[PDB]
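Notes to accompany the following structure.
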Amino acid sequence: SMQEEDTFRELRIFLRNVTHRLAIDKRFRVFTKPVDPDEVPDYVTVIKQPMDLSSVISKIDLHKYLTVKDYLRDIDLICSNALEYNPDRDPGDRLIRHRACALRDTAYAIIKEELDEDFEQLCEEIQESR
Ligand SMILES: Cc1nnc2c(NC3CCN(CC(C)(C)F)CC3)cc(C(=O)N3[C@@H]4c5ccccc5C[C@H]3C(=O)N[C@@H]4C(C)C)nn12
Numbered sequence: 641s642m643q644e645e646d647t648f649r650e651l652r653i654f655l656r657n658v659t660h661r662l663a664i665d666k667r668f669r670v671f672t673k674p675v676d677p678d679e680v681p682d683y684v685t686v687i688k689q690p691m692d693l694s695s696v697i698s699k700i701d702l703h704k705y706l707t708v709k710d711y712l713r714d715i716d717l718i719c720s721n722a723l724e725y726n727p728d729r730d731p732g733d734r735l736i737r738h739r740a741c742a743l744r745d746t747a748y749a750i751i752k753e754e755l756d757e758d759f760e761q762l763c764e765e766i767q768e769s770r
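In this note's numbering, each residue's number is its place in the sequence shown (first place is 1) plus 640.
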């Protein structure tokens, strides 16, 4: 219905705003664009599902997220990919892992403070019915 399309549009507006706030944070610069194979040569082989904030914006605009839970699965993926590709004790690895964990905690903290639980429940019930 049109009222359901209004719901999903509001969801996309909310998701773009959260994504933009993550993208402008200087600590999350390395997550703003897809990992470049030429700059990080052993990446695209080890990481089967690459994910970054520009790809998240593209998925919002293609109507790929019908709930915040689906959006959070992709945020979790940016963090899990960084932990998998950088598991060493080296400070360079530890820095990316900390920035990844921080990116994930920030997205969860924004959503915990700003997302109305009934709005998410409405998104989930429309999704489940389709
Ligand atoms: C995401 C993601 N997950 N893991 C990593 C990572 N790992 C490095 C691999 C090398 N070791 C060296 C050590 C410690 C073993 F000596 C440190 C950890 C590096 C980058 C990263 O610094 N990028 C930079 C960047 C900048 C803007 C937007 C996106 C990106 C993405 C990525 C890239 O493809 N190019 C940039 C360039 C400076 C290499 N991102 N990244």
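The C-beta atom is built at its ideal place from N, Cα and C for all residues, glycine as well.
CB contact check: residue i to chain C, cutoff 9 Å
i	result
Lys709	Given the protein chain composition of this structure (a single chain), no chain C is represented.
Whole-angstrom C-beta distance between residue j and residue i, which should lie under 8 Å
i	j	result
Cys763	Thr659	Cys763 to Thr659, Cβ: 17 Å. No contact.
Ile766	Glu644	5 Å
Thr707	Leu693	Actually they are not in contact, since the Cβ atoms of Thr707 and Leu693 sit about 19 Å apart, beyond 8 Å.
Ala747	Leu712	7 Å
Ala742	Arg667	6 Å
Reduced DSSP category for residue i - H, G, I as helix; E, B as strand; rest coil
i	result
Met691	coil
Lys666	helix
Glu679	coil
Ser698	helix
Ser769	helix
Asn657	helix
Nearest candidate by alpha-carbon position, reference residue i, set the options
i	options	result
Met691	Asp745, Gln761, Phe654 and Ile715	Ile715
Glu650	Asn721, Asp701 and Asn726	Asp701
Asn721	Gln761, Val684, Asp678 and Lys709	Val684
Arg652	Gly732, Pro731 and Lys709	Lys709
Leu662	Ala740, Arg729, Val675 and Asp733	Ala740
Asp682	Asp665, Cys719, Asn726 and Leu755	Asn726
- Query: Can you list, in chain order, every residue whose CB sits closer than 6 Å to a heavy atom of ligand 1?
  - Reply: Listed along the chain, these residues meet the criterion: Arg669, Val670, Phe671, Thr672, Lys673, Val675, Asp676, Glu679, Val680, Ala722, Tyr725, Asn726, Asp730, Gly732, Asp733 and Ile736.
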